[PDB]
Amino acid sequence: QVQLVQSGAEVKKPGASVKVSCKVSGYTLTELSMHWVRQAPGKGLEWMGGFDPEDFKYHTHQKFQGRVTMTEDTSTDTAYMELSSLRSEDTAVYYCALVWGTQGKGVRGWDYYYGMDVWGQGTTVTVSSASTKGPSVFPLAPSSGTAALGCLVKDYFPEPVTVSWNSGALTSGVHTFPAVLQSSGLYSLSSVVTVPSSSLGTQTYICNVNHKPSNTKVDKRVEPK
Amino acid sequence: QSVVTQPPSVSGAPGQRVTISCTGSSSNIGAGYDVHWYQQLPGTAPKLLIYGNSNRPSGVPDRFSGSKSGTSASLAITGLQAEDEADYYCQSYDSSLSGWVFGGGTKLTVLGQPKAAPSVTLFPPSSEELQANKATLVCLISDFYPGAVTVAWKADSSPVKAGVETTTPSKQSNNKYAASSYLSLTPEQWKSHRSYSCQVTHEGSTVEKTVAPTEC
Amino acid sequence: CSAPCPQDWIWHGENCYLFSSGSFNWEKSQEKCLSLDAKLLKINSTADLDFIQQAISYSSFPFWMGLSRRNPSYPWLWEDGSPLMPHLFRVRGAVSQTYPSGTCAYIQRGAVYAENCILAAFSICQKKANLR
Amino acid sequence: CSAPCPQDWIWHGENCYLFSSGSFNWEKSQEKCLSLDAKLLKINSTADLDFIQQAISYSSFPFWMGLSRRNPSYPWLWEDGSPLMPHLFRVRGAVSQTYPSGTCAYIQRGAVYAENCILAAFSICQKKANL
């Protein structure tokens with residue numbers, strides 16, 4: 001029975017390269033069909049490359065070629081995946097996986113039938129060069145019985161930011177959204193509060209934004225259009 | 001047609017049966033290659049659920065089954081339980097690419113509360129942001145269940161994906177789901193169109209909000 | 001009155017065909033065909049190939065046929081020592097590799113693959129139909 | 001002197017079996033069997049079930065057989081009017097649904113499933129052997 005143990009999480013700058021290791025225990029790697037699969041956050045599985053019984057070669061997905069190298073060390077039963085010219089879009093959990101369906105006894109062509117039953121635990125690669133940066137805070141003005149208004153907290157690093165309304169006096173109808181991580185490596189978020197439309201002429205609305213690491217403290221007044 | 005496609009979301013109540021289609025082509029499922037299915041529980045690595053279209057590995061129960069027909073295959077789950085809530089990926093091999101292909105994935109929700117259509121609010125760029133030669137449209141999506149949504153943006157009648165960043169749905173305090181989508185534009189792009197639209201599809205139904213540079 | 005083929009075989013032309021019940025190495029596959037008074041599949045015509053491709057079209061399994069060669073420099077031979085007719089199929093798979101027990105050919109998805117003779121696949125047995 | 005079964009059929013016990021070359025809806029599958037002086041598979045015994053399960057063990061494909069019911073209140077019946085013999089197999093899948101062309105059974109490896117009769121599948125034909 002076979003297990004795959006991958007190297008630890010890595011943080012890398014755009015333009016660098018990473019090399020993930022995948023150690024096989026329980027059987028010899030030279031007899032076995034190794035694959036690499038990755039998954040960006042909130043996205044689907046992407047096959048990167050692996051052994052093909054069609055021609056008995058290692059293939060990589062066209063999408064990578066140039067950037068991916070797969071190697072195996074027959075002495076340690078270790079597979080390696082090296083990904084070069086790293087971009088933010090390469091931020092992902094990298095997985096090694098193996099076809100163990102015939103336990104080294106079947107012709108390699110059984111690979112297409114059995115699929116990938118044995119999975120490493122995954123290796124997180126974060127590609128970021130973001131430095132501390134305070135947000136810009138823009139009003140999201142109410143327009144045409146309730147009315148929605150908010151604050152856009154744009155282009156900060158790192159998490160988190162706090163948003164309150166009218167210095168804590170307004171909590172009812174407040175929704176602060178989880179941030180988006182942009183391809184730039186900077187975060188943005190919005191806080192919206194739903195209020196009676198009849199209060200807009202009479203009640204002042206202010207979002208209190210705090211981003212400690214940049215010492216950005218801003219109270220933005222939100223005016224009707 | 002060197003892809004396999006899956007619907008992004010399926011829903012059922014505990015004890016019910018649901019199906020997920022894997023749609024391929026003459027270059028993969030139709031070329032004699034088999035479909036495997038992978039189950040990914042929240043915060044876990046994928047695991048093999050079905051191999052060779054219909055086989056269950058050890059520790060996968062009888063109520064998961066699968067079949068292949070022509071250029072497609074299907075996963076069937078009877079007797080849904082809460083522990084089946086997960087993302088399901090189909091996979092085949094494609095002889096036109098000489099590589100393996102995953103479907104996009106299908107979020108399976110086991111209904112633990114009634115279905116709730118999303119609230120959608122679309123904000124145009126602020127005067128203050130345009131003054132800094134930038135422009136962000138903000139589409140905020142709340143109180144939806146199940147926790148899956150598709151967002152499409154339009155400039156006039158044309159689809160736009162460039163400069164769109166959309167969050168994964170996040171569970172709110174009240175157990176429904178929240179997402180945001182951001183369209184980054186130049187001021188010129190914003191001023192150059194009659195209107196922009198945010199279209200949110202949930203459980204096959206669509207809500208559209210529109211803003212125009214012209215409005216006050 | 002005797003039947004062309006035994007029960008559970010397929011009668012096609014002058015021959016009877018049977019799929020193995022399991023996955024075995026090529027030598028054990030050969031022994032099992034012999035114990036059924038048969039031999040591993042021998043493809044001598046495009047008509048033979050068409051029939052077998054249709055017969056296995058329901059299956060994604062690899063099926064050994066009676067074709068082998070000690071190493072890449074040797075010619076492909078059937079179990080009876082007759083050569084491969086070159087016009088019938090191209091052999092894919094491990095065509096450049098050398099294995100201690102030799103290289104053997106299987107059919108899968110209607111296409112022909114060379115692989116290590118000690119690895120396990122399904123197989124196809126054939127024998128003459130009784131047409132006296 | 002005649003053969004029990006034609007070329008490209010499998011002789012087993014008193015019957016001949018053929019795997020269809022095409023994937024069609026159940027009614028068209030039935031008409032193709034009829035054109036070969038045959039009918040859709042009828043599983044009569046545990047011995048018939050063992051034979052068919054081994055014959056299809058190479059395949060992940062569904063095969064239509066001669067079992068159907070017009071709607072869920074009706075019994076499952078073979079095309080000859082006979083019922084499903086008890087303790088042979090369970091019918092799985094959506095046995096509860098109503099479809100325009102009715103519900104039909106296919107066999108796949110170790111299981112039998114209900115399905116909408118308009119969906120296309122390979123099928124198994126049988127007819128009596130010449131003995």
# chains A, B, ... in the order shown; residues from 1 in each chain; ligands from 1

$ interface_residues --of "chain B" --to "chain C" --cutoff "10 Å" --atoms "only C-alpha atoms" --output "PyMOL selection string"
chain B and resi 31-34+52

$ residues_around --residues "residue 30 in chain C" --least-positions-apart "5" --cutoff "10 Å" --atoms "only C-alpha atoms" --output "count of residues only"
14

$ atom_distance --atom1 "CA of residue 156 in chain B" --atom2 "CA of residue 195 in chain B"
5.1 Å

$ closest_atom_pairs --of "chain B" --to "chain A" --cutoff "7 Å" --atoms "only C-alpha atoms" --output "JSON lines"
{"residue": "B:33", "atom": "CA", "partner": "A:112", "partner_atom": "CA", "distance": 6.5}
{"residue": "B:34", "atom": "CA", "partner": "A:113", "partner_atom": "CA", "distance": 6.0}
{"residue": "B:36", "atom": "CA", "partner": "A:115", "partner_atom": "CA", "distance": 6.2}
{"residue": "B:45", "atom": "CA", "partner": "A:121", "partner_atom": "CA", "distance": 6.6}
{"residue": "B:47", "atom": "CA", "partner": "A:117", "partner_atom": "CA", "distance": 6.9}
{"residue": "B:48", "atom": "CA", "partner": "A:117", "partner_atom": "CA", "distance": 5.4}
{"residue": "B:51", "atom": "CA", "partner": "A:114", "partner_atom": "CA", "distance": 5.4}
{"residue": "B:52", "atom": "CA", "partner": "A:113", "partner_atom": "CA", "distance": 4.6}
{"residue": "B:99", "atom": "CA", "partner": "A:61", "partner_atom": "CA", "distance": 6.6}
{"residue": "B:100", "atom": "CA", "partner": "A:47", "partner_atom": "CA", "distance": 6.3}
{"residue": "B:101", "atom": "CA", "partner": "A:47", "partner_atom": "CA", "distance": 6.5}
{"residue": "B:102", "atom": "CA", "partner": "A:45", "partner_atom": "CA", "distance": 6.4}
{"residue": "B:104", "atom": "CA", "partner": "A:44", "partner_atom": "CA", "distance": 5.7}
{"residue": "B:105", "atom": "CA", "partner": "A:44", "partner_atom": "CA", "distance": 6.0}
{"residue": "B:123", "atom": "CA", "partner": "A:140", "partner_atom": "CA", "distance": 6.4}
{"residue": "B:126", "atom": "CA", "partner": "A:139", "partner_atom": "CA", "distance": 6.3}
{"residue": "B:128", "atom": "CA", "partner": "A:138", "partner_atom": "CA", "distance": 6.4}
{"residue": "B:129", "atom": "CA", "partner": "A:138", "partner_atom": "CA", "distance": 6.5}
{"residue": "B:165", "atom": "CA", "partner": "A:182", "partner_atom": "CA", "distance": 6.6}
{"residue": "B:166", "atom": "CA", "partner": "A:180", "partner_atom": "CA", "distance": 6.8}
{"residue": "B:167", "atom": "CA", "partner": "A:180", "partner_atom": "CA", "distance": 5.5}
{"residue": "B:168", "atom": "CA", "partner": "A:42", "partner_atom": "CA", "distance": 5.8}
{"residue": "B:216", "atom": "CA", "partner": "A:225", "partner_atom": "CA", "distance": 6.0}

$ interface_residues --of "chain B" --to "chain D" --cutoff "12 Å" --atoms "only C-alpha atoms" --output "ChimeraX atom specification"
/B:16-19,32-36,50-56,62-79

$ closest_atom_pairs --of "chain C" --to "chain A" --cutoff "6 Å" --atoms "only C-alpha atoms" --output "Markdown table"
| residue | atom | partner | partner_atom | distance |
| --- | --- | --- | --- | --- |
| C:93 | CA | A:55 | CA | 4.7 |
| C:94 | CA | A:56 | CA | 5.8 |
| C:119 | CA | A:106 | CA | 4.9 |
| C:120 | CA | A:106 | CA | 4.4 |

$ interface_residues --of "chain C" --to "chain D" --cutoff "6 Å" --atoms "only C-alpha atoms" --output "PyMOL selection string"
chain C and resi 1+3+7-12+58-59

$ write_last_selection --atoms "N, CA, C and O atoms" --output "PDB file, in the first residue's frame"
ATOM      1  N   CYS C   1     -24.222 -34.101 -35.485  1.00  0.00           N
ATOM      2  CA  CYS C   1     -24.258 -32.611 -35.656  1.00  0.00           C
ATOM      3  C   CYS C   1     -23.517 -31.947 -34.496  1.00  0.00           C
ATOM      4  O   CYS C   1     -24.035 -32.002 -33.357  1.00  0.00           O
ATOM      5  N   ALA C   3     -21.530 -28.236 -33.143  1.00  0.00           N
ATOM      6  CA  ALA C   3     -21.642 -26.776 -33.271  1.00  0.00           C
ATOM      7  C   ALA C   3     -20.301 -26.239 -33.738  1.00  0.00           C
ATOM      8  O   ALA C   3     -19.252 -26.778 -33.375  1.00  0.00           O
ATOM      9  N   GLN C   7     -20.277 -23.200 -26.284  1.00  0.00           N
ATOM     10  CA  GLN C   7     -21.085 -22.191 -25.571  1.00  0.00           C
ATOM     11  C   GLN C   7     -20.129 -21.144 -25.026  1.00  0.00           C
ATOM     12  O   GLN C   7     -19.004 -21.513 -24.637  1.00  0.00           O
ATOM     13  N   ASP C   8     -20.560 -19.883 -25.075  1.00  0.00           N
ATOM     14  CA  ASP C   8     -19.919 -18.725 -24.402  1.00  0.00           C
ATOM     15  C   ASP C   8     -18.746 -18.190 -25.240  1.00  0.00           C
ATOM     16  O   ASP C   8     -18.288 -17.066 -24.892  1.00  0.00           O
ATOM     17  N   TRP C   9     -18.426 -18.825 -26.374  1.00  0.00           N
ATOM     18  CA  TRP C   9     -17.505 -18.270 -27.391  1.00  0.00           C
ATOM     19  C   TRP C   9     -18.282 -17.452 -28.437  1.00  0.00           C
ATOM     20  O   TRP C   9     -19.514 -17.551 -28.514  1.00  0.00           O
ATOM     21  N   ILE C  10     -17.571 -16.644 -29.214  1.00  0.00           N
ATOM     22  CA  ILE C  10     -18.165 -15.975 -30.402  1.00  0.00           C
ATOM     23  C   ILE C  10     -17.634 -16.668 -31.646  1.00  0.00           C
ATOM     24  O   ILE C  10     -16.410 -16.687 -31.832  1.00  0.00           O
ATOM     25  N   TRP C  11     -18.533 -17.152 -32.468  1.00  0.00           N
ATOM     26  CA  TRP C  11     -18.228 -17.673 -33.815  1.00  0.00           C
ATOM     27  C   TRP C  11     -18.099 -16.526 -34.813  1.00  0.00           C
ATOM     28  O   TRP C  11     -19.060 -15.771 -35.009  1.00  0.00           O
ATOM     29  N   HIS C  12     -16.929 -16.407 -35.422  1.00  0.00           N
ATOM     30  CA  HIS C  12     -16.717 -15.437 -36.518  1.00  0.00           C
ATOM     31  C   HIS C  12     -15.827 -16.076 -37.581  1.00  0.00           C
ATOM     32  O   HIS C  12     -14.647 -16.379 -37.268  1.00  0.00           O
ATOM     33  N   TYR C  58     -16.786  -2.367 -26.694  1.00  0.00           N
ATOM     34  CA  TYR C  58     -17.572  -2.104 -25.465  1.00  0.00           C
ATOM     35  C   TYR C  58     -16.643  -1.953 -24.257  1.00  0.00           C
ATOM     36  O   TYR C  58     -17.122  -1.521 -23.173  1.00  0.00           O
ATOM     37  N   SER C  59     -15.351  -2.267 -24.423  1.00  0.00           N
ATOM     38  CA  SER C  59     -14.414  -2.447 -23.286  1.00  0.00           C
ATOM     39  C   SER C  59     -13.243  -1.495 -23.401  1.00  0.00           C
ATOM     40  O   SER C  59     -12.807  -1.210 -24.547  1.00  0.00           O
TER      41      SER C  59
END

$ residues_around --residues "range 210-213 of chain A" --least-positions-apart "4" --cutoff "8 Å" --atoms "only C-alpha atoms" --output "mmCIF file with N, CA and C atoms, in the first residue's frame"
data_model
loop_
_atom_site.group_PDB
_atom_site.id
_atom_site.type_symbol
_atom_site.label_atom_id
_atom_site.label_comp_id
_atom_site.auth_asym_id
_atom_site.auth_seq_id
_atom_site.Cartn_x
_atom_site.Cartn_y
_atom_site.Cartn_z
ATOM 1 N N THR A 132 3.304 46.294 2.460
ATOM 2 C CA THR A 132 2.333 47.142 3.185
ATOM 3 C C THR A 132 1.922 48.314 2.291
ATOM 4 N N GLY A 134 -1.647 51.128 2.222
ATOM 5 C CA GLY A 134 -2.929 51.553 2.799
ATOM 6 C C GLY A 134 -3.968 51.663 1.701
ATOM 7 N N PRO A 135 -5.261 51.446 2.007
ATOM 8 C CA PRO A 135 -6.295 51.534 0.980
ATOM 9 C C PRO A 135 -6.567 52.966 0.535
ATOM 10 N N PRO A 158 -1.311 44.262 4.113
ATOM 11 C CA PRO A 158 -2.082 43.022 3.992
ATOM 12 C C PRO A 158 -3.473 43.081 4.640
ATOM 13 N N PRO A 160 -5.900 42.516 7.802
ATOM 14 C CA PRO A 160 -7.262 42.920 7.475
ATOM 15 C C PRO A 160 -7.433 44.443 7.487
ATOM 16 N N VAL A 161 -8.645 44.879 7.161
ATOM 17 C CA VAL A 161 -9.159 46.254 7.417
ATOM 18 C C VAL A 161 -10.413 46.083 8.270
ATOM 19 N N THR A 162 -10.707 47.023 9.165
ATOM 20 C CA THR A 162 -12.001 47.080 9.907
ATOM 21 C C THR A 162 -12.813 48.225 9.303
ATOM 22 N N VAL A 163 -14.131 48.025 9.202
ATOM 23 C CA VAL A 163 -15.134 49.041 8.787
ATOM 24 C C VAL A 163 -16.250 49.017 9.824
ATOM 25 N N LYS A 217 -6.248 55.593 8.799
ATOM 26 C CA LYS A 217 -7.506 55.763 9.563
ATOM 27 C C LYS A 217 -8.294 56.846 8.853
ATOM 28 N N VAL A 218 -9.429 56.480 8.255
ATOM 29 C CA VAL A 218 -10.199 57.399 7.383
ATOM 30 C C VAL A 218 -11.677 57.242 7.698
#

$ select_by_dssp --residues "range 43-161 of chain B" --states "strand (DSSP E)" --output "ChimeraX atom specification"
/B:47-50,64-69,72-77,86-94,99-102,106-110,119-123,135-144,150-155,158-160

$ atom_distance --atom1 "CA of residue 73 in chain A" --atom2 "CA of residue 97 in chain A"
16.1 Å

$ residues_around --residues "residue 29 in chain A" --least-positions-apart "4" --cutoff "8 Å" --atoms "only C-alpha atoms" --output "list in words"
residues 24, 33, 72, 74, 77 and 78 of chain A

$ select_by_dssp --residues "range 65-183 of chain B" --states "helix (DSSP H, G or I)" --output "compact mmCIF listing (two decimals) with N, CA, C and O atoms, in the first residue's frame"
# COMPACT_ATOMS: atom_id res chain seq x y z
N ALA B 82 -25.65 14.88 4.13
CA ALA B 82 -24.90 16.12 4.36
C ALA B 82 -23.40 15.92 4.11
O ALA B 82 -22.78 16.81 3.51
N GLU B 83 -22.81 14.78 4.45
CA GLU B 83 -21.35 14.58 4.26
C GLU B 83 -21.01 14.47 2.75
O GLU B 83 -19.83 14.37 2.42
N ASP B 84 -22.00 14.43 1.85
CA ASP B 84 -21.79 14.39 0.38
C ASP B 84 -21.63 15.82 -0.17
O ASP B 84 -21.26 15.97 -1.35
N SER B 127 -17.10 59.64 -8.13
CA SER B 127 -16.45 60.87 -8.64
C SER B 127 -15.00 60.92 -8.15
O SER B 127 -14.11 61.19 -8.99
N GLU B 128 -14.79 60.58 -6.87
CA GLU B 128 -13.45 60.63 -6.23
C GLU B 128 -12.49 59.67 -6.94
O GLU B 128 -11.31 60.05 -7.16
N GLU B 129 -12.95 58.46 -7.27
CA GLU B 129 -12.10 57.44 -7.94
C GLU B 129 -11.77 57.89 -9.37
O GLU B 129 -10.61 57.74 -9.78
N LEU B 130 -12.74 58.36 -10.15
CA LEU B 130 -12.49 58.84 -11.54
C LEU B 130 -11.44 59.97 -11.50
O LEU B 130 -10.52 59.95 -12.33
N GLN B 131 -11.56 60.87 -10.52
CA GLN B 131 -10.60 61.97 -10.23
C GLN B 131 -9.19 61.40 -10.04
O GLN B 131 -8.25 62.14 -10.32

$ atom_distance --atom1 "CA of residue 142 in chain B" --atom2 "CA of residue 204 in chain B"
16.7 Å
